[PDB]
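Undergrad: Sequence first, structure after, both from an experimental entry:
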Amino acid sequence: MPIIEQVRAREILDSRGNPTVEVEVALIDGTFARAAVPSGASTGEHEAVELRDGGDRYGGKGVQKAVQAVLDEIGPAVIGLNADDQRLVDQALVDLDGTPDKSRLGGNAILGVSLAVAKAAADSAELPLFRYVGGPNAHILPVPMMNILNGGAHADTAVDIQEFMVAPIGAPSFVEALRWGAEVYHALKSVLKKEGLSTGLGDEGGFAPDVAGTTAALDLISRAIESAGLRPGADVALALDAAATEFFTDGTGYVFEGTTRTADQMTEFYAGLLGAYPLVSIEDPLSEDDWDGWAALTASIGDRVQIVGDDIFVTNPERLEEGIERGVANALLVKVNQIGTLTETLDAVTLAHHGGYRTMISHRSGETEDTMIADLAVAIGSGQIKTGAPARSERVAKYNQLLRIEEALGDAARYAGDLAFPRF
Amino acid sequence: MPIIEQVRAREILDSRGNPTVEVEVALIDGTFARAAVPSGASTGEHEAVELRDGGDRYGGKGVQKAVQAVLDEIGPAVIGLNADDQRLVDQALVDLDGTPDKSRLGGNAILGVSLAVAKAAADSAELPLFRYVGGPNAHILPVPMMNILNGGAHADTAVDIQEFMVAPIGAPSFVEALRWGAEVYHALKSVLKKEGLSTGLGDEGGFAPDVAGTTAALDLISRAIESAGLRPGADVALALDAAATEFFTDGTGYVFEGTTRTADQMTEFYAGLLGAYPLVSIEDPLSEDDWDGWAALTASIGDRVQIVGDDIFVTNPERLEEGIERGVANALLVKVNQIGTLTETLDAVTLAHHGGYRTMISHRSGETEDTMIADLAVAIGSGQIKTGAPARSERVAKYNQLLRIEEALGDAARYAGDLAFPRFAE
Amino acid sequence: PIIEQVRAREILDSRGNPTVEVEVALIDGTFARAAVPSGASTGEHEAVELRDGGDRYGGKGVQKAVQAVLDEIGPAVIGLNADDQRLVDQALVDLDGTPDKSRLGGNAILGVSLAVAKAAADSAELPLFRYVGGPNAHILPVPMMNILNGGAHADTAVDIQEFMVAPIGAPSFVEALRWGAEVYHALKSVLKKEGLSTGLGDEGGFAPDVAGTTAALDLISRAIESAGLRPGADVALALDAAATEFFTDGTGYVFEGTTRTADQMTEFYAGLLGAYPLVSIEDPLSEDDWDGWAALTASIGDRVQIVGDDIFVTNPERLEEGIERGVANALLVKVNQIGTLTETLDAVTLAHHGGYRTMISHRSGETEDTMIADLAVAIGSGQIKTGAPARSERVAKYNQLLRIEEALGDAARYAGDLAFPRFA
Amino acid sequence: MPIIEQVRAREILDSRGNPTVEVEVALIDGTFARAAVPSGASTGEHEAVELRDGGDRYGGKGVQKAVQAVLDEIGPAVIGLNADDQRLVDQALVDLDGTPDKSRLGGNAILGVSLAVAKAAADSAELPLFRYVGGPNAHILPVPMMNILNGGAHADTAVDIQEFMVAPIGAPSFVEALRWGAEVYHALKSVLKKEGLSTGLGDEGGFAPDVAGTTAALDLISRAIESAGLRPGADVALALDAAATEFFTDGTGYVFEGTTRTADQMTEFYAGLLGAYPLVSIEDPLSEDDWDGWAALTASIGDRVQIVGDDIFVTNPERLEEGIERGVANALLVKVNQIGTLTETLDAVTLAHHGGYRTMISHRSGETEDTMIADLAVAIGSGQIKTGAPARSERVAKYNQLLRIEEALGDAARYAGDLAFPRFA
Ligand SMILES: O=C(O)[C@@H](CO)OP(=O)(O)O
Ligand SMILES: O=C(O)[C@@H](CO)OP(=O)(O)O
Ligand SMILES: O=C(O)[C@@H](CO)OP(=O)(O)O
Ligand SMILES: O=C(O)[C@@H](CO)OP(=O)(O)O
Ligand SMILES: [Cl-]
Ligand SMILES: [Mg+2]
Ligand SMILES: [Mg+2]
Ligand SMILES: [Mg+2]
Ligand SMILES: [Mg+2]
Ligand SMILES: [Mg+2]
Ligand SMILES: [Mg+2]
Ligand SMILES: [Mg+2]
Ligand SMILES: [Mg+2]
């Protein structure tokens, strides 16, 4: 009997030492589940609102008010509902908040309850979460897109691109892909040490050295792949997240690598990178609201490379719909906490999948020991996950949980590999 | 512990009184589930093989051999597997058979076990089948595409079009859609009596009068719509299944409505219908291997109407992929028994959806009391189902189950309505 | 086995008209479902079937009947023991408070009555035939199959309502079923050869517009022989004249182009007896033509079973009058003609103890409900009438008899020719 | 009963992306529990043996052999036993391996089963781990000793001391102490950015700037405390882990801040820090085997500050029994994976605890999302835990788990705060 009996939240700390919400949901059958809520640094203007305390505790980053909203309003709204009725529960939370951006109770108070209900429902059914959420057809292990050299908002350097990722598309299985990524990341550490370069980690576990720009970073990573005994392209390809909204000024343009430049100018830069490097994917090449820019870039390089919308779409169906209509991007980055409920997230995934767009399930720069996105990647069959360097366990715990999913699936497991990236 | 412990099969009768397979699967936790297998009349060349006994019993249509395959071979292969591992079970059945068209064990022996395993898994997990299969986001009640006037292979008349369907797209909910369709169906019976035409039912529960051609049939159904107090198009729209393979001869062409016609002439006929009637969907306008014809027809009218691949795709990922690459059809009919496992069926569904194609879960003309397809339609969010006139309970039991699913979902239920048919605009 | 919840809903029957479905849940978690059939050729004296009138569904909605279940019936039975069928049925009959169940509706009452019976059986972990009929329940009935349909059940001018085949010589139910299916498919091919319609009437039988009764019977005899079986010894014939439907009070029986007295109809039937292997004739005469039934029964009732349907309406009061007057020698049993399982069992008892045979019957409007299959075995009738072997509202009953036969194993007995002692 | 029915292991990755062992234990009653094994960088000579595959995969660091050893040998040797009899299980593990340093089957293979069996037993009794191991009297929340400025073996800078730690001894509860340490950690980041120093993290989530001296590091931390609105010493104190073995050369001596130094010159160093800074604890101030330096340093300054043996004792009853006899240090760092069973860990703690020595439960520089040391700190009533900066979740999950334990204890919880460091005043 999976009727919701108690809902409780607490303040815990994320992987940067900042407060976040963790929710536990208890069912009348004795089922108990826990979910934690991630937190971003390069957050788009259109993200669901995260409710912070202000005041002096934790530099203004407390979430006691989010915890109190769970105990005082959310709990009582959902107690007595069937945990299996995810859409009902998510609708109730959306209606109770009553604002479009979840500003009254906080996307952070709402999402923790939304995800803990999904987990309890799965546990009560005695199904692994990937299988509860994706049904019995769920089986595809994602290519891990590993941010091993971290810039922009995620470290304290003057490198413009936020994320330089490796993608072990050539591996035969997820267990092998994970090994290739780890061995490239360890080879990079060694290449950096041998040059003069810093091996201090950024927020997502990648190295934060201070190199001349994009191409210097890509040559360092190409060297790391070969050092690991692997082939650039055939074995391990490359991806970027520019988070270009972060180096866009309205009225001025793209303040990038020395120059102020236009959308078409940024487009020609990326196009140059595609001819010289085995790039499979480029994320947020232009800013969150540069629609005309994105439309021109997509027509120009969209056939040759995946173009992923992050801050332009914010995991938001209305925004993704406009993107699909205006021919903007060909992939959606899927961040549960940019929209605030599991239901809206799955509506965004469906809208993308049916529009011929791919999805890549994503962590935030502020993560926790929660591993739910690993199960989500498998459930939605995205074939792509972005959840950090293979270092710092808020990143590694997700990789370890994909090992467990792959092993439980046994012979039915399939690794997305090359097929995740048909344009390459 | 939803581990499979026993697998039993028996011979039951379908809704034409012919033999078919029913399978029961028991799990160690005590769960027990039963699934039955449907049978087609107008069966594509490329469907998974349906194993029949031959000989004298039941006119050669026995399925004792399929039943014996389940007890001697399939059962022992799957006992000890976890029912939750649907893909592992389905791969094991495929491999055990060892042939591309399931001809050794039969797609009928294989699918019974595939479907019973899925039902057992869902009951063990204590989730309704739509929710087990579709996960917690499943919620969309399909438009019921109701075949209210039956021709071709489903009756003994000279009507070449197999299926003349009504589609209550304008209804606010599934419960109301089902009412509109039943009301048109009862109005049609009345119009047929008035015209002195036969109200004897065909295989799928629709009237089987021997009307002169497509336009006579469409005109009798528009009258039924208006007589039920509904607006053709905006409230209740129309659809066809020509099952054109059944009137196509190789090189000769389409023997249709008293003349021989090419794929292009068939296309001009359909375009003529679209201009004159509120059609939302045409299925199998052309023959199962007329790939050149289908590509031309899709480019010609595919923007104005949905065009559904049935015998051309046979719920087969390999054939669907070709279609998508060659610009053939913009929708897939989904028939679990055309391919023979739940897994391959869901692989064909995902591939259609990701390819911009729509899907429509289908009964066969030989159905049973089994209601799995109602839950499956909700599970995949097709927004479209084809499962009979609202008459004969092997059709109506599915509608009844959709009423039960819509009730279970409470305020989260959504009816696909006219959003299932964007190309249409009364 | 305490009753905890009672819900009803409106579903559709096999002709697409609304009808009642009820669910009963017990304290122990048991949950059972039952549906109500509906006739077309309904006797004047049947329990009242409550319809909504107004526009929905051409007046044939049953929302009022559903509302009666939720408002009044459920509250009255919640807390009773589902095992106490006789106490529950008495409670239902007392709550309505009218002789013909016109206040709440026979459809609202029967649905709760059957659903209580299913729930008690599930609760005891017993198939329904065993729950109701106890350890001695074991007889598989001869399936009396209406393979050519006329009168009320199609749109032709054939006056006789049902033309049935009865596979009396089969060694088992499973073989009886195949025999009736083989003859049915042989009839279809005979009709096509003659250029006659193979469209189905309401009960799955072909509805050709044949010249009259002997034309129909000749076509069925041909079908029996075409299937390799002997008319009589293997597959016999039965009729349901539904004569109430062609009788007009004060004028007589308007039948095959002439107007006839009860006596002339008796002569017609006796003529059929001499020319064809008939084992049973139902409603040869009208529902209140008591004198006519008396004379006919004395005239031909030694040579053939004579079944009262519309004359008795499964009603102890009417049957007791028929017995006293020498009217018929068998009872057709329809749960929905009287409105409770208890009162149905009492009609059976009164018939059985009075040496009258019984034949459990569908209505022309059926559902996917299969209760009558279990009921026929539970009461030992040896005879069931539930359609041609086509249309699953008919066929689901035959499939359920296969399952019952299977579960009985070596205790199963097929009633075969012992159901028809007057024949041969 | 809680009888062991299956034991599985798998290769996972640790917080630096190197393989390590994870084990699952399933009881006949349905219970399934999971434990993971950590791995150090600055590993002592005398630690239990960490079985690595060698070869090509993972730069030689695979643990497929350790995983295989669990399936082939340890699994069958413990199935059938009662998960409640920790001592009998740990004895069967130690005897099976048969070597004193666990080199045949691997300390990593053995520990994983030892801890997964304890987690299973706890889950079967429906008890949190702290309460299962520690019994009803387990209630003390430890002071979090937070390595917020990382050097030595845990980064690539020229900083000699391995760990610069803050200790929120003045907080009224664990929940408050956690926030104090987070706030100092965040204030240090902003200080370092001011000074144009690196805020890139080392292995344990602490900043790894390349600052000049030990005093340069303590001055930056000191400013951080003050900038966080807290009082150095009274609110937040300082601790050190010098990991001296990592800069000791047998023969030539202590190579430290550009000078070879004797045992007694370093002491002179440590006692200078004691006067200028609010220090409550100095760990491994001398080398793993420098038995006389320790005895002298401990006489010299052990009255005034906690002196923690790590590499010198390696959570090993024998090595510690020695340190006590020879007046060496006054605290033991407790690493379950330096000794390889839970029983032997609890034995080494008991030796220390009866003998006057304080204990500090420790992480390894390679951690996982496992949180068992949080519960182990509380079970044994240590009052001190060393488990990283409040950043990187392989650290932070331990702190979050201490929040939940504090919650669950309710009014029974006591924060050890000031009472953990009696010599400080
Ligand atoms: O930009 C992103 O995609 C994310 C994850 O790498 O970072 P943040 O959570 O800071 O937005
Ligand atoms: O053609 C079809 O689509 C089906 C369903 O109506 O008919 P059959 O099962 O006979 O193929
Ligand atoms: O007359 C009968 O015996 C029944 C069933 O065959 O028909 P109706 O349900 O239409 O009364
Ligand atoms: O030296 C230590 O005390 C530990 C923990 O900080 O590091 P390592 O695990 O590398 O030995
Ligand atoms: Cl006819
Ligand atoms: Mg961002
Ligand atoms: Mg981004
Ligand atoms: Mg067909
Ligand atoms: Mg078709
Ligand atoms: Mg009747
Ligand atoms: Mg009758
Ligand atoms: Mg060390
Ligand atoms: Mg140390």
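TA: Thanks, I have it. Numbering: from 1, shown residues only, chains lettered A, B, ... in the order given. Ligands and ions are numbered 1, 2, ... in the order given.
Undergrad: burial count for the closest residue to ligand 9 within the stretch 251-400 of chain A?
TA: In the stretch 251-400 of chain A, the residue that lies nearest ligand 9 is residue A:354 (23.4 Å; C-beta to the ion). Yep, even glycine has a C-beta here, placed from its N, CA and C like the rest. Here the number of neighbours of residue A:354 (other C-beta atoms under 10 Å in any protein chain shown) works out to 17.
Undergrad: Would you map out the domains in chain A?
TA: Per the record, chain A has its domains at A:3-126, A:127-424, by curated CATH domains.
Undergrad: Ok, which of those domains comes nearest ligand 2?
TA: domain A:127-424 (23.4 Å; C-beta to the nearest ligand atom).
Undergrad: Can you say which of the domains of chain A is nearest to ligand 7?
TA: domain A:127-424 (3.5 Å).
Undergrad: need the contact list for the spatially closest residue to residue A:11 that is not a sequence neighbour.
TA: Leaving out its chain neighbours, the residue that sits closest to residue A:11 by C-beta to C-beta, 6 or more residues apart in numbering or on different chains is residue A:19, at 4.9 Å. Applying C-beta atoms under 8 Å, 6 or more residues apart in numbering or on different chains, one finds that residue A:19 lies in contact with A:11-13, A:58, A:61-63.
Undergrad: can you check residue A:322 too?
TA: Residue A:322 neighbours (C-beta under 8 Å, 6+ apart): A:291, A:328.
Undergrad: tell me which element it is part of?
TA: helix A:317-325 (DSSP states H and E).
Undergrad: Residue A:260 now?
TA: strand A:259-261.
Undergrad: hang on, the earlier thing: how about the helix or strand following the helix holding residue A:322 and ligand 7, touching?
TA: Once the chain leaves helix A:317-325, the next helix or strand it forms, by DSSP H and E, is strand A:331-334. No. Judged by C-beta under 5 Å from the ion, strand A:331-334 makes no contact with ligand 7; its nearest approach is 6.1 Å.
Undergrad: so what strands line up beside strand A:331-334?
TA: Sheet pairing for strand A:331-334, assigned by DSSP bridges, gives strand A:306-309 (parallel), strand A:358-362 (parallel).
Undergrad: Nearest to residue A:277, out of the ones you listed?
TA: strand A:306-309 (14.1 Å; C-beta to C-beta).
Undergrad: which other residues reach the closest one?
TA: A:239, A:241, A:280-285, A:294, A:297-298, A:301, A:320, A:323, A:328-333, A:358, A:360, A:421, A:423.
Undergrad: before we move on, back to that, just how off-centre is the helix or strand following the strand holding residue A:260 within its chain?
TA: Next helix or strand after strand A:259-261 toward the C-terminus (DSSP H and E): helix A:263-276. Here the centre of helix A:263-276 is set off from its chain's centre by 24 Å, with C-alpha atoms, centre = their mean, to the nearest Å.
Undergrad: before we move on, back to that, filter the contacts of residue A:19 down to the buried ones.
TA: Those of those that meet the buried threshold are A:11-13, A:58, A:61-63, by 16 or more other C-beta atoms under 10 Å in any protein chain shown.
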